[PDB]
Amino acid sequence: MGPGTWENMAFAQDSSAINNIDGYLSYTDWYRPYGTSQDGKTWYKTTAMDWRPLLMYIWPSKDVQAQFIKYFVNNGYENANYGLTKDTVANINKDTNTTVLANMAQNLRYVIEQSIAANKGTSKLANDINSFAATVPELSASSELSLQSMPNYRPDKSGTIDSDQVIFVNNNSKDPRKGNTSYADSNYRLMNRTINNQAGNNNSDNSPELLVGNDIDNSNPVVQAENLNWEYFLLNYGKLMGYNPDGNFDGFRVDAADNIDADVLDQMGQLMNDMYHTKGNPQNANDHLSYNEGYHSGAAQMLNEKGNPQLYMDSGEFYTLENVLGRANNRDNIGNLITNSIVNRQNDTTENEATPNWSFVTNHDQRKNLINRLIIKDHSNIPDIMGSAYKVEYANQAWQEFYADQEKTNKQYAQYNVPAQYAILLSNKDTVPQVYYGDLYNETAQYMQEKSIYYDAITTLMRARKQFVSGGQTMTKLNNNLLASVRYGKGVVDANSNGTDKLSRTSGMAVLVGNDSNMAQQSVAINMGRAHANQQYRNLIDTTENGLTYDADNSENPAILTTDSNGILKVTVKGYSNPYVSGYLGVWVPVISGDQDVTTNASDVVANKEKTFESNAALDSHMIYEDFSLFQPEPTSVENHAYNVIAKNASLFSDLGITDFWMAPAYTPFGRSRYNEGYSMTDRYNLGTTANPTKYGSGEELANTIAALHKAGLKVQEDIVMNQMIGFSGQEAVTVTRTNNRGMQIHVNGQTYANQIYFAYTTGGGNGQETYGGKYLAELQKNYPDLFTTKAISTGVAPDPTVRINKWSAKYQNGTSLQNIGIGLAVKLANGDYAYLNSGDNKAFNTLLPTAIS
């Protein structure tokens, strides 16, 4: 033919001239037409570099075509000579005649080609297309139907939106109206097999499958084998990388244990017993301490029934501590500290009975909830403030407000009675307590550079624990708002024991806590036990008008008091109100001359063939340290990499009685993630290089840090994160449905969608996954064949080591939180059929394209 409008056709019907996603077309993608023109008269053939946006040629409707013409004429593509002025376009809409819309669009393409010529490139055009697309609901975030759009929405302090999800469903249809994404089909995706619902027949926990990100299908037997690979890797990190050969993790902090198929918890425990013989061997179990993060109390029962392969997280204790001691007003009664925990501590005088557990005053997420509350307070009328309208400047403002408020007596945001919360935590029996980095240090400064105001109080309590805390526990109300928590000492079982250990006489502790700042002054009697008659006690911590004293300076009691002939200690107390105490805090320990360490060895406790973890004096001797904050800043030098600062201070952590060091998730972070902390990772096996460190440092540094912690006598756990990955660079065409956090379809303001092609980011994993994914499966099968013959509960089948995961894609994923791309990107023709490019491996339908690009 002669030259003309037919040159709008695609240069060729394949991937060399039409971008596509598994054969489907996206309205925001570009294509190479055969030719282009600036006036409709002279037409120029296209080089391989001359690509154009599809939104110049096709649209999902007449409405959107009219908006496009309108928008471009109002943003630099006005030309009176081609019938395109602000006046000529002001009234056009979906009901404008078809032939004049097509004419206006053709003339606009000429006007656009003139702009491309003038600007010597498509750079401005590309920005104008992106700016236009953001104003069209079906081509942008709002059509995904966020809960944030609801009238008078209240943002959630968690900073995630639980019900903003989509599931990936099967679709092997031959109907072009439904499309086909069969490469992403699965025989698994068993969702919500969480905690006691592992077998699908007890949802008394109602714990959700979905949190945030791309949710991994931990019911897929190939995925379950890959988790064993990943565990084995981390447990031998340093020697498998050729880095420090003692730079190997000893165990795991298990992220999101309530939100993944519980099979993986059974399987992790099995692996670690195969490798280290933990079951029935407290010394081996305790050397490989592992503990599960969760806020559902039903996990205690689950873990007991399983023989306790990991520690239960006692969140009840945290909420009790905050409700009793931490509020400004409407404090719960002091007695709740006795009863409202997974362990009742009224008179706790036995061992191997309580649910093995870990407890805390603060963790990284709880500090975040406070900071996000503050952000929401500071910037009301911004409903999506916790989603896409979040700005780091709001966090900075909140942190400045927090540090100021933390120093006040009348705190508006920060917790009251932080020292007393710790005094209870670190004296409690039948728990492994967990101290938070950000309660010892100002967590937004460079790593460990600024001590927190609570550093002195908490570190005093930490050292005394190692020296003194052992034996039975009794907690007793002395009045309606004040309590004494007493430990009787190593080898002292209860208040009536004489003591059976050489350290019995000189160990034990009394912690006095009240939560009424107006409490009248009075005397109180504390029962130290029969092993502690006529004995001198030191005033470790007492309260003063302005704070705490560590040497009985200007407090109600002197530096030493002595018990009577029955073991009763007599003490004076009253209510105070200062930045450290709202109520009262007192701590008493026996006076001693030298060093003392009351740790009980695991070789000396009762072994039980059916238990891994047992709550006894040996396990109680452990203390966990959370080494990070979400708001930890990017380092300013190699010397300030957390890993190097940590290695340098190894002896400090040992001196504070820390036995188990919880290291942040060390994985390569998604660069655009909110915090760059490691839970939003793109590569599960790359833990940073010298050229490209993570927030915390390089892999080589990590291995040296672990070795240095081992040299100081500590064991080290890695935060293992099976639930989600975030930041995949590869898009895939998936078939999806709008759901809540359990994968059940919902409506949002009366609207919904189901079985729709969505161009989600799903594919990636980095070179770490390529190299290390499944690498160790052959050897694990050779050494521990039972791992791949034991039928898992949720599926009834063993993990499958015959397939290696070198690259993640949707077939291994349950779904995703909303990705802010739009549900209408997928090109449909007028009749509703999906457009499709039959090329290469994409054979699902015959090539079918819009008529505008022939």
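Don't overthink the numbering: it's just position in the shown sequence, from 1.
The PDB entry records a higher mean C-alpha B factor for 39-47 than for its counterpart among 39-47 and 24-32. Averaged over their C-alpha atoms, the temperature factors of 673-681 and 543-551 are higher for 543-551. Sorting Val100, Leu321, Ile726, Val166 by the CA temperature factor given in the entry leaves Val100 at the top. Out of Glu78, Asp250, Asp185, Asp217, the entry records its largest CA B-factor for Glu78. When the modelled residues of the chain are ordered by C-alpha B-factor, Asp63 sits in the highest third. Remark: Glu443 belongs to the middle third of its chain, ranked by C-alpha B-factor as recorded.
Looking at the C-alpha B-factors along this chain, the one for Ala126 belongs to the middle third.
In this PDB entry, the Cα temperature factor of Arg52 sits in the middle third of its chain's modelled residues. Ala533 sits in the highest third of its chain by CA B factor, as recorded in the PDB entry.
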